[PDB]
Amino acid sequence: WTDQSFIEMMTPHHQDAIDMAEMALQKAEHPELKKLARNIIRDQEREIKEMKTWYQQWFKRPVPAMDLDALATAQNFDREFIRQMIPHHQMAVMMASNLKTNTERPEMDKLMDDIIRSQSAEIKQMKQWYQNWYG
């Protein structure tokens, strides 16, 4: 990954997580999952905003433009939410870990640390809830 390619991919990747989280606000069963959803929305909306601002500063143009259907129809929302979000989070941690070894920008180095730290912690939470609820 380069800073530019990373922002182009992570922006819609984040937007997908936010979209799923927004659905949790309506449909989540367990209060723990709604709380996670609110945190995802808040943190990832903020990161999209930052990435957008940096992209235009660095490259002098705007940022160029999972299964919600399966989630909406699932018998158990929370189970399907966790099923989809864990690998999605894992892909973000993995992209961030790589960009961290490629970038020279303090803005990106710090964003990678935030992504790795927060999403890794959220994977841990989701894995434990999944065992508690369906194990």
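Mapped onto PDB author numbering, the consecutive letters of the sequence shown carry residue numbers 44 to 108, 126 to 195. Each residue gets a CB set at the ideal place from its N, CA and C atoms; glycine is no exception.
Check residue i in the structure and name its three-state DSSP category.
i    : result
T45  : coil
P107 : coil
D127 : coil
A60  : helix
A134 : coil
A67  : helix
Between the alpha carbons of residue i and residue j, how many angstroms are there, rounded?
i    : j    : result
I142 : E72  : 12 Å
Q58  : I91  : 8 Å
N162 : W44  : 7 Å
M145 : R139 : 10 Å
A132 : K70  : 8 Å
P55  : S48  : 12 Å
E164 : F137 : 41 Å
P166 : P147 : 27 Å
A80  : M186 : 11 Å
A108 : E75  : 33 Å
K103 : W97  : 9 Å
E93  : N158 : 19 Å
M53  : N82  : 17 Å
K95  : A181 : 25 Å
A156 : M168 : 9 Å
Going by DSSP, what residue range makes up the alpha helix (DSSP H) through residue i?
i    : result
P147 : 137–162
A181 : 166–194
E88  : 74–102
On the premise that residue j lies in contact with residue i, defined as a C-beta separation below 8 Å, what is that separation, rounded to the nearest angstrom?
i    : j    : result
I175 : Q150 : The Cβ separation is near 12 Å, so there is no contact.
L68  : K78  : Actually they are not in contact, since the Cβ atoms of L68 and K78 sit about 10 Å apart, beyond 8 Å.
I50  : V106 : 6 Å
Checking contacts by CB at 7 Å: is residue i closer than that to chain D?
i    : result
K160 : Although the question refers to chain D, the structure presented lacks it and comprises just one protein chain.
- Message: For the segment 87–94 against the segment 181–193, do three or more pairs of beta-carbon atoms, one drawn from each stretch, fall closer than 8 Å, so that the two count as touching?
- Response: no
- Task: Spell out a yes or no on whether the segment 61–78 and the segment 128–138 are touching, meaning 3 or more CB-CB pairs, one atom from each, closer than 8 Å.
- Result: yes
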